Amino acid sequence: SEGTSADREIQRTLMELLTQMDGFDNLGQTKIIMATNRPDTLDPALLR
Amino acid sequence: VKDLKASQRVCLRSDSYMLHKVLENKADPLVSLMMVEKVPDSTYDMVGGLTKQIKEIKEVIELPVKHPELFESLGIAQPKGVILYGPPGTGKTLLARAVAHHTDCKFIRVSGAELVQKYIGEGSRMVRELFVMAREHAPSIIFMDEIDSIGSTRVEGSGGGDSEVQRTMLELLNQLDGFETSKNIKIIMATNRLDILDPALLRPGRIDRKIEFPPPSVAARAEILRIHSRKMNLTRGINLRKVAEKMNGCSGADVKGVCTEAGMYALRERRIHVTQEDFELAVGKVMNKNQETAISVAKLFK
Amino acid sequence: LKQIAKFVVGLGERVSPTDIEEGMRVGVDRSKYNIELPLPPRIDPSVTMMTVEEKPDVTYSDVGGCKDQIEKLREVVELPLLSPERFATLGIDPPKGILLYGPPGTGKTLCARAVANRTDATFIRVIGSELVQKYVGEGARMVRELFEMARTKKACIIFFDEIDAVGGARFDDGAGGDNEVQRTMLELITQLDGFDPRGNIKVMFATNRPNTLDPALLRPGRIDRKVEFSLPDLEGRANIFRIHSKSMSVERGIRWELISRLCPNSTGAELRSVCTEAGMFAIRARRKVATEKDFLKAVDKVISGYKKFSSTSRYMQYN
Amino acid sequence: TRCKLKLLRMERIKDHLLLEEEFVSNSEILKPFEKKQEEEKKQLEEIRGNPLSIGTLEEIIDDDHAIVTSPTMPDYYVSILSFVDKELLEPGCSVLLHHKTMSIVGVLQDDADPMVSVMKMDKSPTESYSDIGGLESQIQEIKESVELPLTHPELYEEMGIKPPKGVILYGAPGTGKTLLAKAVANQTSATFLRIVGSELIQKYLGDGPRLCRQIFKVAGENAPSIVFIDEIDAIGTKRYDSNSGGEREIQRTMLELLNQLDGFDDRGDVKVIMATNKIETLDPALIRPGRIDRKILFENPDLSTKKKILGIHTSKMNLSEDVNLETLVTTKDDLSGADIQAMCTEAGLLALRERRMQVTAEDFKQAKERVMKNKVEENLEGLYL
Amino acid sequence: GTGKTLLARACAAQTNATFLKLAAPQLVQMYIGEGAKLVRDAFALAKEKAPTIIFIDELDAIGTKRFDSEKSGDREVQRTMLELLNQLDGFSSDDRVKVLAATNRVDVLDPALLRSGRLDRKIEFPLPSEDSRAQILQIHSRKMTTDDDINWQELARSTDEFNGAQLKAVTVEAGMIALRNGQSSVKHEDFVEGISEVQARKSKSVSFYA
Amino acid sequence: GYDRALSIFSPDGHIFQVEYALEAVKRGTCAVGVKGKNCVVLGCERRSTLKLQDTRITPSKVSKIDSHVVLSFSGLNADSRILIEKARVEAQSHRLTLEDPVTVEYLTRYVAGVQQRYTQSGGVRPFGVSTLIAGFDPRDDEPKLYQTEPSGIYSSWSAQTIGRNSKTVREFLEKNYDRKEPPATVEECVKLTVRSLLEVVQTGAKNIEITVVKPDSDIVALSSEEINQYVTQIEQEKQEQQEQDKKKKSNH
Amino acid sequence: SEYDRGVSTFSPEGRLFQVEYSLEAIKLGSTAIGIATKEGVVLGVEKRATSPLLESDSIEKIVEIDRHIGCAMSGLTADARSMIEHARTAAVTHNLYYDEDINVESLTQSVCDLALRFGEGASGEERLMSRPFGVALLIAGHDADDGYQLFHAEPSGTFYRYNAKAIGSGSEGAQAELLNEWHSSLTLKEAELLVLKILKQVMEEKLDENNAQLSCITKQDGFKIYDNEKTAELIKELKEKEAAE
Amino acid sequence: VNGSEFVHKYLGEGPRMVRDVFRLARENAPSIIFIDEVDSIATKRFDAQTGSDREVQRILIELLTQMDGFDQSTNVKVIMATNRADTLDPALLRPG
Amino acid sequence: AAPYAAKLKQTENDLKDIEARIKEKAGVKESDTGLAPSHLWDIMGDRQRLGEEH
Ligand SMILES: Nc1ncnc2c1ncn2[C@@H]1O[C@H](COP(=O)(O)OP(=O)(O)OP(=O)(O)O)[C@@H](O)[C@H]1O
Ligand SMILES: Nc1ncnc2c1ncn2[C@@H]1O[C@H](COP(=O)(O)OP(=O)(O)OP(=O)(O)O)[C@@H](O)[C@H]1O
Ligand SMILES: Nc1ncnc2c1ncn2[C@@H]1O[C@H](COP(=O)(O)OP(=O)(O)OP(=O)(O)O)[C@@H](O)[C@H]1O
Ligand SMILES: Nc1ncnc2c1ncn2[C@@H]1O[C@H](COP(=O)(O)OP(=O)(O)OP(=O)(O)O)[C@@H](O)[C@H]1O
Ligand SMILES: [Mg+2]
Ligand SMILES: [Mg+2]
Ligand SMILES: [Mg+2]
Ligand SMILES: [Mg+2]
């Protein structure tokens, strides 16, 4: 509410990412690994 | 060219850009704003229970439009804009809606912010465009919500990005007071407090008439129950006046909140009547709310 | 093209291969794409005729006083242009830039108008918000084109008045093309840098705040010399009232010395406003001269008004 | 009835008369010439072709040609043709272009923009003193600065000092500093611009300061003029937080506004009226002087002032028979002029409601308590007592 | 004013190499979609006729950290900057093609350019030390009149938080005061009076003990 | 800056706490001093709230520091209490040591000293109170009136106005009063004080309080009857005055 | 700037700002002039009447410190009350201890030692004054072994001996004239009229005896504060002197 | 919709987003509007004086006026949930 | 308010009569730009304009 608006713009893209990987369940044959590189952002991924 | 004037839209023809016809229609997002919201069908009778509030807004707003004669002779100047104030939930938007029906003038509601339009970019100097479009379609009864219940400190500011929304707020005032021709422009405001207000919205020539809409009395509340039941199914044994005394509401919408809850019980059981017992259970739902807000002021206070 | 579509274009009807080359304007057909007649060089004379202007009539004797600062400001700009002889023999190359700072109402504007008159060379009036003429990246080519035109002349002053836009400062939070706001700031400063040693392309800057100034720009050898200007001391005040009052009708055997003791520290501009206001009191009185008394009132009104904004009250309201 | 009739007689007959003669004469202009003034009309109509585009004159080129910039993206190479000579045109002037083959017709736009129509006022205020209720000293000061040099330069000659270059109005909210400015604007018989200060501010790169510059451009040509810019706390130096578009905008507009106002030889005869309501957000480089050359404080009415505002307003309200003016002004303390304006409108309103064809004492006293509620502070005897 | 520009130019002299200089406002020209051709063109030349140094100065507007400040064509400029770094990583051993970069503040500099081993070794030039200050005044002085009554150690102690840029101005200033008086030979005294006219302070104002 | 303590001097050379103390003075009640040549009259405005406030058990704005020195005050009502108490213990300490009635001059310097003490140190604010101290000297009949300010500067003034809207009383007082010929009789002196307070009270003679201090240690506080009697005479002559301008204008 | 609120507390120049600011308090005050002559030191002052209800000759701007040390003052009279008292005590205890008339030089130092307390705690003299003082003095007297001296006490604790010194608003202007108007061969009647010539020019009102108050240190007369009848006579003789010229 | 998704990307961007969302509900009406988090959005009061804090307020002023309706919508009015009970109290919404 | 109200009604009629002049005045105009001696240059200009090299 006083952080940078830059991070806010690019937030949306991940919300389309997160919802997409859902189609793979509950076939476990295909799997997703994610690696963070910033403690500055807090991703809506950690949340869900 | 005499049948033309500067800043009058005009239609053109082919790629010559020969003049075709004259456009007396002017397409703006100001207009689309009002177009979703329509002309409202709240009537005075539904705000019946308090007719004093209805009586002061009529005198100030409506009566000088229809009959300027009285105030050009007996008084001096058209009576100035009103600001509706009172506790939360009394019925302050409801009143504005009702007045709009009865006057039969062009309203230019215009919801809770104006920064909701970014089709031509953000209103920084298009706020003034509102007055022009209104003046043409005269009378210009304007309604505006800046409820301002939030931020106990906000009046000392002079500002950061407070400044953008203040520049919008300010330019309204200059245009209103104007320079100096008017076409009976009247601004009804609805707001939560005047202590918690947008800085320099009221100063005090603008807007120096004030209408208070109080917390209802039991004598007021009985009438509010009465009319909501006439649409519904009456109380059996006609105890609709009797329940009013047992709990007084603290708003007009709390009075409404009893009836909706009461007739909900009739929905569970699927009966075609309502009774006294239904009305009594219903008051107790409304009280839960006053309790949820303040409870720690009885334990661990001072 | 100025359509910004690109073409290989045919020959003309009298064109020479020895006239049309890189960097030359040419005209071609608007639908057929063939050179027929070439066009004149350059494309900057549209902005540059208005920015340059001839000489105002102010003299470096009003500019008030006869301060040490005025003397030193003349050394940086005027003396080397007039005479480089001293500078080479001492073994210095002149300071390239100079900063005009001090509280607003000190008369850095009197300085810009005066140095134009003295110089007998071209003086460019440039406003910082006439270099922002953005159509998205157009405003940057304004800074570039105007600078380049000075660097073609040799012995010239470019003067920027109250930069804070284009010569601004950096953000890390900006919006709407605040990068292009940076790009225009930084465009100015690089061209400056690059030409050094230039000799005789001298830059003056008037700033009302030196902290709304880029820290890259502020770095010396764009801006090697810096002069601080101040509220004139009592003597400098006394002098300046006499210039203005020479023009007015006044009392012979009057005390201008008295008016300066009365007046406290104050903007040099507002010192000019005393003489005007004093005159106002003579005007409504219908008197054809201005007494010692009415100047007393004229200070009193300006100062007493100004106190309203900043620091009120005295203890000599009873004492 | 006789006084109205006397004015009404003269103004209706002549104006109605001026109207009728314009009708007859308008036909009659045409018959004298038919080949003696007609010739210029025929040659223009043919060259123009009727459709025309604008161009801006980039520069001249020596051989009776020129180069122009279209509002579309390409520039074009034009020839200077027709009646309009190239000593009537300089770079920086707008030109008309011919459709088929772009050609310099002449100029007739004369750097018009839709913002000039906005600057330009046509509406005339009431307004003169005797509709301004008191503040004798305040009336005087704005008249000597803004009205007076234009009407009488004689005093300014004799003394031999330059005339005030502006004035700044500031004080409490709702004081009616606006009447005085309007009054200056009516009486002068001078071209009155303005504008609101919230109209120079936009969000588009570099358009804002150019709108600031434009006001002076129109005033300097049609000088002497007076420019009234309202609300300068919409164009102050104030914070702007972070992640905002408007943070640059506010900075640039103000900067351009500053240079033009001071001049570099100045307009030299255009005075300005600035009005404002917050002086704790005003920039410091606009209230130091050569800009403005008085600064004046307005304060809320007192007893003598109130009685005057009141005095004018009650004479325009019928039958104050049992109404004593003095007894109301005595009790009233610390109110604006806005509040007394309001009390007359409210008191008439209560007289209507009473089912009474006239005002009373009791109509006025009730209205008075109401408006005291609105403007009240009590921490004076709260702290003390 | 720490003397980055200096050191990169010099670096190139030693190695006798093809020196290309670029600066972030220079790089952008005309329509911003034509900005991307220029980066590519530059690097086409450079890699040929090696050794080389491609030195990109002051990156504060085509290497912004924020993506909020609107750019659409200057974005493609960042991307075509990125190809170059990639092809250094593309040689394994990138001896032939060396790149240098400079910026005024690295906080403003883009995080993805530093991220990973896309670019290696970050080198911070501090404020001159006492040692470094003594050397910087002397060299400039050589150009004007030089006298050995000047004790350069005395000067280096006094200055606090001074850059080499700031000291060049002191050297030049010492010359301005000296010429003013008319002494055709500089003193140490002149030099000491040159610290407090380059700095915005006034040390010329008498006090209650002066 | 520079008003955030008493210990910053500021470059404009004001100690703000003193400057701001003066604006607090305005909050209190008008007080007016006028000397004659056998009396000093010391009168003050008495604020009336409601009828539920008394004026019996409720403190007057005139307070006896002794039996020959008096004081009226303007400022925070809270502040003034301790100012008066400390001044009073000094007035008695003076007879304890010397055995003399206090000197008027000695007393005023003591009260200005207390305000000055507070003002110099930063551990306290000063008393935000200006007072006028009237009295007569131990054995001389020479009338004395002195004024103090929060700053702890005292002066002697023949007549002075402090409190709420002090300036508008000052200009009327300046005109009518002479130091060439002050009032010979207590009765005209009293009425001049009444005339000064007439302006600022508007309605009421129950908002004007009169006390007189005379030589030989006489202090008397005058009755509501006598004050009502003075105000009515002023009211009659003023009514008459209006008529005379109306005649005179017609007459010429 | 941002280094100025405290009194401890420096300052990139090296000066105590609080101390320098008290210099500026002295210019707020009314003009006071002193001129040493070999026949005595004349301390004249200006008084300013805000109303012609402020009784001029009950405000004191010249005060007696002893029978041979006098002071004139300018600045805050709040600060002058403590400042003066200290010095009155100094002269009286010196006569008690040594019987000898206090030396002017030492009497200054006592004032200026008291001026030095700024802090709220130090090593050595223990500081108990919360701020610098806001009052200057001109200190005038006569000692037996150095004759007549005129000193200026500063609130900054430094003392400059002078032949003549002005403080107050009209300090700059008086100082300018006195640069052209002091001599070895001036005399006390001459001094007296010298002070008034300088005074009229630097007073905003006009020269009257109500708004003037001169005084002398003569070994014979001791410290003598004048009257307005006396002061008026001198005024009438100044005007005669300027008439001839 | 979410409360993490109701943010200011620009000054005055917050309120633009609300109006789009409640128009859209009307377009596809009947429809149920769900806001997951209104625990950050609704807060009783502040001690603040930045337009940063005003972005948060204007969502709530907009939220209120829009809910209400003027079309007298065939929607099933706003469903909202909050983990807390003490920043979104029935004196900010209320009573029906 | 009949005695004076009558005269007020006539004043609004006057406002419309002045408006009718604004329209009328525009109905015939006479204009011309350039100068009269440049008439020969127009003649030239048609030959260049018609032509194609621009
Ligand atoms: N006085 C009344 N008579 C009858 N019904 C009422 C009355 N007041 C409110 N209502 C009903 O209760 C509903 C809810 O009103 P609510 O309390 O939410 O109102 P508001 O004062 O416009 O609010 P806000 O300040 O949040 O904008 C109204 O929409 C209306 O249907
Ligand atoms: N030293 C001076 N002597 C005489 N008149 C002066 C002096 N200083 C200022 N003025 C007068 O004040 C006017 C206004 O000040 P001026 O515009 O010169 O100031 P500045 O410091 O350059 O301001 P900004 O910060 O707005 O660029 C001058 O045009 C001139 O009349
Ligand atoms: N002296 C007066 N005589 C007559 N009417 C008055 C007087 N003073 C106030 N008024 C009335 O009250 C209104 C109050 O002034 P207004 O609201 O226009 O504010 P302002 O302080 O002049 O505003 P801004 O800062 O926006 O320019 C006046 O326009 C007028 O209608
Ligand atoms: N360390 C140094 N030794 C010698 N001279 C120096 C040194 N540092 C700075 N200078 C002098 O100061 C001048 C200006 O500094 P310079 O332009 O080199 O700064 P920079 O750190 O490269 O700049 P930017 O951050 O703007 O790219 C140099 O030309 C040189 O004369
Ligand atoms: Mg509502
Ligand atoms: Mg300037
Ligand atoms: Mg106004
Ligand atoms: Mg560099």
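Per Swiss-Prot, chain B residues shown: 104-405, in order.
Technique stated in the header: electron microscopy, 4.5 Å.
Even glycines carry a Cβ here, placed using N, Cα and C.
As recorded in Swiss-Prot, the features of this protein are as follows:
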BINDING   B:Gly189, B:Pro190, B:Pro191, B:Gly192, B:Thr193, B:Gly194, B:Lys195, B:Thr196  ATP binding site
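Taken residue by residue with DSSP, B:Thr196 (ATP binding site) is part of a helix. Ranking the binding-site residues B:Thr193, B:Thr196 by other CB atoms within 10 A of the CB puts B:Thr196 at the bottom. Screening the binding-site residues B:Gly189, B:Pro190, B:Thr193, B:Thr196 for a C-beta under 6 A from any atom of ligand 1 leaves B:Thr193, B:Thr196.
In the three-state DSSP reading, B:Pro190 (ATP binding site) counts as coil. Among the binding-site residues B:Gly189, B:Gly192, B:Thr193, the ones with a Cβ under 8 Å from a Cβ of chain H are B:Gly192. A count of other CB atoms within 10 A of each Cβ picks out B:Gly194 as the most crowded of the binding-site residues B:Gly189, B:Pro190, B:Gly194. Taking every protein chain shown into account, B:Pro191, B:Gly192 are the binding-site residues, and of these the Cβ with the most other Cβ atoms within 10 Å belongs to B:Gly192. Screening the binding-site residues B:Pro190, B:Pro191, B:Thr193, B:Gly194, B:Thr196 for a C-beta under 6 A from any atom of ligand 5 leaves B:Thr196.
Around B:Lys195 (ATP binding site), taking its Cβ as the centre, 25 other Cβ atoms fall within 10 Å, counting all chains. Within 8 Å of the centroid of the Cβ atoms of B:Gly189, B:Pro190, B:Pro191, B:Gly192, B:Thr193, B:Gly194, B:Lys195, B:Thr196, where the record puts ATP, the same chain has further Cβ atoms from B:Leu197, B:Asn295, B:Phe316, B:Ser354, B:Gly355, B:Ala356. The 6 Å Cβ screen around ligand 7 retains nothing from the binding-site residues B:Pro190, B:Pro191, B:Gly192, B:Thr193, B:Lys195.
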